[PDB]
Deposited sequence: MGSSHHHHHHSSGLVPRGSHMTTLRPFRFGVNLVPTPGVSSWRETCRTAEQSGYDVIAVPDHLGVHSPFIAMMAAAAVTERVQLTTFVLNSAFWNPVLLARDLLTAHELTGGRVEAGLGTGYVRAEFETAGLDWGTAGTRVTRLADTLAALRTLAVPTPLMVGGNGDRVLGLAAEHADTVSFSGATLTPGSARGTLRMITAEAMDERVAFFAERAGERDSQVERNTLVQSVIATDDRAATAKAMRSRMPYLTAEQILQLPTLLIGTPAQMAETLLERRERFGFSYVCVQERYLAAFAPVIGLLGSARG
């Protein structure tokens, strides 16, 4: 699958730079602007409309919605509106939610991991029944969540950092698990992951050795294979992404806002 690159931007209350930041993302060659779903962050679909008004080619995605925050019928209303009024530029990533304090602040039941995944399941089923036109992404590494992505999603997002970094070998197993559940639909589902850190260096080997301090359970060799880290020159990072597309199927790669400019040269090469 051809590469698509995203940057996860945080639209921040009290800061006046949103439209400028979105323009910088598009001008730097990103294909997707991704926004999160948190209390204390701007509301995601409203922020995405503001981004759409100042950009022309990028897709806009949630990354990912906290399913506890959304009534499925009203979310379907939001998605149809975002789709029609942007001319088809909106995608919806969904997940279970994970910050308990936000559940408590909003007056919502934290429940159990099982009830939070069931809410995601119920919402995905309802959105598909309502035939929402926005492509749907499902994120998260749990068995049930990957099973729901296999059933319902256009894009599956694998998490590489739980932060505890997951090894390439554990990611091999998660991708294979997803593929087995997807069965005949596997070829129809785009695979995404978020790179947490983009570390520009002329000595990737010395860099990985120093990073063992923050990841003691890993060898330097494992660190250089972590899907959530990109280390080296732009050319080395492009080669790494080519290898990881072959290994994991990852063609939709997102980075964090702080690394927007660091990663842009890799887009130039790929």
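message: Should a student be asked to find the unmodelled regions, what ranges of the deposited sequence would be the right answer here?
response: No C-alpha for residues 1-24, 187-195, 304-308.
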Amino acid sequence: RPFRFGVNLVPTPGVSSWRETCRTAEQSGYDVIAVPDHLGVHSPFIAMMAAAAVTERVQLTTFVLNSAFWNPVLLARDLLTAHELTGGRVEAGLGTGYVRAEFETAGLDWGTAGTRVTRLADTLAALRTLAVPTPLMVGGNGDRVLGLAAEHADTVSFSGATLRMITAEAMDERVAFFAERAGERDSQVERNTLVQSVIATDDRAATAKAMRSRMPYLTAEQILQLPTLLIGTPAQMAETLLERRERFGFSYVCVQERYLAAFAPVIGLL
From here on, numbers count along this sequence of modelled residues.
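106-114 set against 77-85, stretch whose average Cα temperature factor tops the other in the entry: Between 106-114 and 77-85, it is 106-114 that shows the higher mean C-alpha B-factor.
- request: Going by the average Cα B-factor in the PDB entry, point out whether 170-178 or 93-101 comes out higher.
  value: Comparing 170-178 with 93-101, the higher mean C-alpha B-factor belongs to 93-101.
- request: Name the residue from 198, 150, 136, 163 with the greatest C-alpha temperature factor listed in the entry.
  value: Checking the PDB record, the top C-alpha B-factor among 198, 150, 136, 163 is at 163.
task: Would you mind finding, among 70, 217, 45, 63, the residue with the largest C-alpha temperature factor in the entry?
output: Checking the PDB record, the top C-alpha B-factor among 70, 217, 45, 63 is at 217.
message: Considering every modelled residue of the chain and its Cα B-factor in the PDB entry, is residue 9 in the lowest, middle or highest third?
response: Middle third by C-alpha B-factor.
- request: Can you work out whether the C-alpha temperature factor of residue 27 puts it in the lowest, middle or highest third of the chain?
  value: It belongs to the middle third of the chain when residues are ordered by C-alpha B-factor.
Third of the chain's Cα B-factor distribution that residue 120 belongs to, per the entry: Its C-alpha B-factor, which the entry lists for residue 120, ranks in the lowest third among residues of this chain.
query: residue 34's Cα B-factor: lowest, middle or highest third of the chain?
result: Answer is lowest: the recorded C-alpha B-factor places it there.
message: Can you tell me whether residue 129 has a C-alpha B-factor in the lowest, middle or highest third compared with the other modelled residues of the same chain?
response: CA B-factor rank for residue 129: highest third.
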